[PDB]
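Here is the structure we will look at, set down as structure tokens.
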Amino acid sequence: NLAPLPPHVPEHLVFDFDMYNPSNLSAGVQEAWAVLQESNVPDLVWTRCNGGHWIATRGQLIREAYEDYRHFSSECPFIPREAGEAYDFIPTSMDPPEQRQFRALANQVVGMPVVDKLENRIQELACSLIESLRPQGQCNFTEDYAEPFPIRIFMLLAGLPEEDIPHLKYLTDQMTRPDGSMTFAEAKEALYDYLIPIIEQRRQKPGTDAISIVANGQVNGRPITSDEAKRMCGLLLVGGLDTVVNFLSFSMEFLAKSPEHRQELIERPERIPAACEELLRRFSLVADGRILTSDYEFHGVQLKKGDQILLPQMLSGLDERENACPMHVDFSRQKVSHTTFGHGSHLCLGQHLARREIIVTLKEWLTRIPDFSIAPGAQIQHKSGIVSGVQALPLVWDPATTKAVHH
Ligand code: HEM
Ligand SMILES: CN1CCC[C@H]1c1cccnc1
């Protein structure tokens with residue numbers, strides 16, 4: 001339930017929002033979070049849920065905090081406190097200047113140069129999976145394409161066997177949307193338990209895979225340690241198994257419900273890149289934060305050292321003060337403003353990979369299965385957390401309105 005209100009918190013700023021189970025969940029997860037942006041709600045509130053923490057509700061506040069790493073540290077970035085304290089991935093748990101040197105190494109394994117070179121494999125996997133579903137006239141998108149498409153692409157890049165997916169997928173999910181069976185510390189340790197032996201073997205006999213590159217990597221001229229490699233690989237694992245996987249579902253759910261918007265992409269293919277950005281704004285899904293390094297007055301609100309503050313990446317683009325008709329999806333929107341990949345020194349390094357996976361999915365799906373919809377009488381349930389997602393997305397279509405395209 002609720003944590004007792006801290007001495008310095010003003011009662012008029014209390015809004016008991018629960019990030020792991022928002023009250024307006026059934027209306028759609030983004031909609032649930034948007035309640036924090038209704039006219040009467042202040043720019044900075046305090047919730048007594050999940051141990052108690054502040055919550056910036058507007059893009060201006062969210063962008064500011066992420067830029068100011070001196071007052072807002074990434075050292076304890078998760079809600080609840082025990083999870084944030086136990087979180088030590090690299091570079092996500094570091095603040096500049098220390099974290100800077102580690103980004104370059106991560107770029108070597110997931111940056112644009114590597115992505116460009118994966119294009120053919122990404123398109124090939126997308127086409128086989130899709131053509132595999134096309135004649136069926138149905139599927140549950142989360143298990144049939146959303147999880148397998150991005151996860152296998154990553155498992156390949158990392159040199160990790162596909163049979164290890166169910167175990168790793170379960171562990172990463174306990175870190176973002178815990179079902180209660182595991183604490184954040186335990187899931188993290190089980191992940192390190194999986195990676196440790198592998199990093200040791202990759203340093204003994206290195207291959208060309210992502211993990212061999214990081215384990216035998218160098219940061220600012222010095223060699224990376226075994227502990228630092230483990231901390232970087234864990235972050236990469238969560239990225240391949242719990243980011244794009246959830247995003248693809250929100251996107252396909254929307255496309256399933258808007259024969260209009262998909263028709264726009266079928267008729268005008270060149271706007272798919274632009275559509276991707278708009279969908280990334282409308283269906284933003286990440287929400288982590290920072291911890292106060294000292295007593296600080298921020299926009300008239302007294303914050304005390306150690307207070308945690310959620311800065312939902314998903315909220316910036318949904319803010320009416322950033323985009324005029326927020327809940328409306330407009331592919332032709334002139335200034336698609338958002339912070340879906342973060343803001344400040346920690347801007348997502350996997351975004352280039354993310355965009356190619358989204359863009360290839362939209363093009364290869366619409367090209368083969370242009371007509372489709374939500375299964376008869378099904379009500380789509382969303383799930384909330386550090387990374388929001390979709391519980392199940394069953395789709396249906398008439399096979400006769402599809403077409404097999406050779407890749
Ligand atoms: C739709 C997909 C994705 C979204 C929305 C997303 C979002 C984010 C966000 C919000 C951050 C910064 C968090 C913070 O400031 O604390 C971030 C960091 C990061 N992301 Fe992603 N990401 C996505 C996909 C991926 C993928 C696929 C990979 C890699 C396989 C990846 C690798 C990274 C890395 C390395 C960082 C750390 C950067 C740093 O801390 O300096 N991400 N991502
Ligand atoms: C799931 N995480 C929570 C905060 C950042 C996010 C993440 C992890 C790995 C790659 N990109 C984003």
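Scheme for the structure tokens: letters A, B, ... for chains in order shown; per-chain residue numbers from 1; ligand numbers from 1 in order shown.
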Could you give me, as an NGL selection string, the residues within 8 Å of residue 361 in chain A, counting only C-alpha atoms and dropping anything in the same chain fewer than 4 positions from it?
:A and (126 or 357 or 365)
Could you please take those selected residues and save N, CA and C atoms as a PDB file, in the first residue's frame?
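Result saved to again_11.pdb:
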```
ATOM      1  N   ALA A 126      12.578 -11.198 -40.682  1.00  0.00           N
ATOM      2  CA  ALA A 126      11.246 -10.595 -40.695  1.00  0.00           C
ATOM      3  C   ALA A 126      10.352 -11.260 -41.743  1.00  0.00           C
ATOM      4  N   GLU A 357      14.553  -2.238 -37.027  1.00  0.00           N
ATOM      5  CA  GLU A 357      13.660  -3.350 -36.711  1.00  0.00           C
ATOM      6  C   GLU A 357      12.198  -2.943 -36.822  1.00  0.00           C
ATOM      7  N   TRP A 365       5.453  -6.331 -43.221  1.00  0.00           N
ATOM      8  CA  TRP A 365       4.162  -6.856 -42.772  1.00  0.00           C
ATOM      9  C   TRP A 365       3.073  -6.333 -43.692  1.00  0.00           C
TER      10      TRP A 365
END
```
Surrounding residues as a PyMOL selection string, ligand 1, max 7 Å, only C-alpha atoms and all ligand atoms
chain A and resi 74+77+90-92+99+103+106+110+154+235-237+239-240+243-244+247+284-286+288-289+313+340-343+345-351+353-354
Mind checking which residues fall within 12 Å of range 251-254 of chain A, counting only C-alpha atoms, ignoring those fewer than 3 positions away in the same chain, and posting them as an MDAnalysis selection string?
chainID A and resid 28 140:142 145:146 244:248 257:262 275:285 327:329 358:359 361:362 365:366 369:370 372:375 378:382 389:396
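One distance worth recording is that between CA of residue 150 in chain A and CA of residue 355 in chain A, which is 11.5 Å.
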Which residues are close to residue 160 in chain A, i.e. within 10 Å by only C-alpha atoms, leaving aside same-chain residues fewer than 4 positions away? Reply as a count of residues only.
10
Going by DSSP on the backbone, which bits of range 14-73 of chain A are strand (DSSP E)? Write them as a list in words, please.
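Across range 14-73 of chain A, those assigned strand (DSSP E) are residues 44, 45, 46, 47, 53, 54, 55, 56, 72 and 73 of chain A.
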Taking into account only C-alpha atoms and all ligand atoms, which residue in the set A:307, A:173, A:95, A:267 is nearest to ligand 2?
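Nearest to ligand 2: A:173.
Counting only C-alpha atoms and comparing A:388, A:338, A:299, A:231, the residue that lies closest to residue 319 in chain A is A:338.
Distance annotation: of A:14, A:265, A:62, A:387, the residue with the minimal separation from ligand 2 is A:387; atom set is only C-alpha atoms and all ligand atoms.
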